[PDB]
Structure formats: structure tokens, C-alpha cells
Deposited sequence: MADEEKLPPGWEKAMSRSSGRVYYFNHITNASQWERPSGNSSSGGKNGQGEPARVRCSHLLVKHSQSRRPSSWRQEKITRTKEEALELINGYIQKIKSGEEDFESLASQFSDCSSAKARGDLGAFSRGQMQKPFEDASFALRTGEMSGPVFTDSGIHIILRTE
């Protein structure tokens, strides 16, 4: 009886129930609250050596493994969720996307424009919500739905 995409789960380390969204890879403790023509998102991309284009403004030759990229993503998610860092700050500094220079903002978009896992996560996010790691041919994304 959750907004589709959501399932109940159990913390392995604490035993407390939590909720996990298999479209956004978001996870949270509270029972989730519960589509538009367009959404607006920012993202932080970490590329890896199997990215469609393993290069970025940060690195001419991206050589980190997918596993290493996921660990970087996971670390950014932790710092964002703790408030130690802001999403926009980490995107500006560390996103392997040209959108880093705009704090990760991609602007508004419809279905059919973005890579499908990105599109599905973006449209499943609530306004203001952040994704977990989202995988595309570009790399691994943290997605923030801003509108």
C-alpha cells in the first residue's frame, strides 16, 4: 500500500523496517508519502572505465572501475544526507558531467529525452527528493529532482 516503486525492507544491522524504491534506489526510514509532463533535475555523475565516453572535464582518461565509481557515489550520498556537504557543491566539484558548471542542473525535460534509467528515476522522485545510485551508459548518477 505504498506509492508504486516502494517496498518494505529490514535493516540488517539494526532490525528496523525501512523503505526502498527500486526505480530511484532511494532508501528511507519513514513510510513514503503516498505524473507531470516535465520534471527538472540536477545530477552528480561519476564515470568509470566502461562509461560510453570515459572522459570528462575532470579527467581526460577516466580509468576508475565501476565498483570504484559506486564507492565514490555512495560516499557523496552519505555526506549529502548528513548535511556535511550540499548536493550542488559536490556536483560542481566532482560531477564528470558538463553540467557540473551549473551545479548539476540539467533543466526541465520530458519522457523520451534522457537515458531510460535516469528518466525513470527522475519521474519517480518526489519534488525535492534525491535518488540513490542510478546506473546508465554514462556512469553512475545521483539525481536531485528540483521541480
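No C-alpha positions are given for the deposited-sequence stretches 1-5, 40-50.
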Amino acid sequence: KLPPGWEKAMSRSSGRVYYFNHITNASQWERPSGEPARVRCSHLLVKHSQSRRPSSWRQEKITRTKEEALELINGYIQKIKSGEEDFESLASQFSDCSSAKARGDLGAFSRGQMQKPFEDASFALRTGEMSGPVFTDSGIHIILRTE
From here on, numbers count along this sequence of modelled residues.
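Per-stretch averaging of Cα B factors for 25-33 and 100-108 places 25-33 on top. The stretch with the higher mean CA B factor, choosing between 86-94 and 58-66, is 58-66. Of the candidates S122, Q78, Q50, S42, the PDB record gives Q50 the highest C-alpha temperature factor. In the PDB entry, a CA B factor belonging to the highest third of its chain's modelled residues is recorded for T127.
Among the modelled residues of its chain, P133 has a C-alpha B-factor that falls in the lowest third, as given in the PDB entry.
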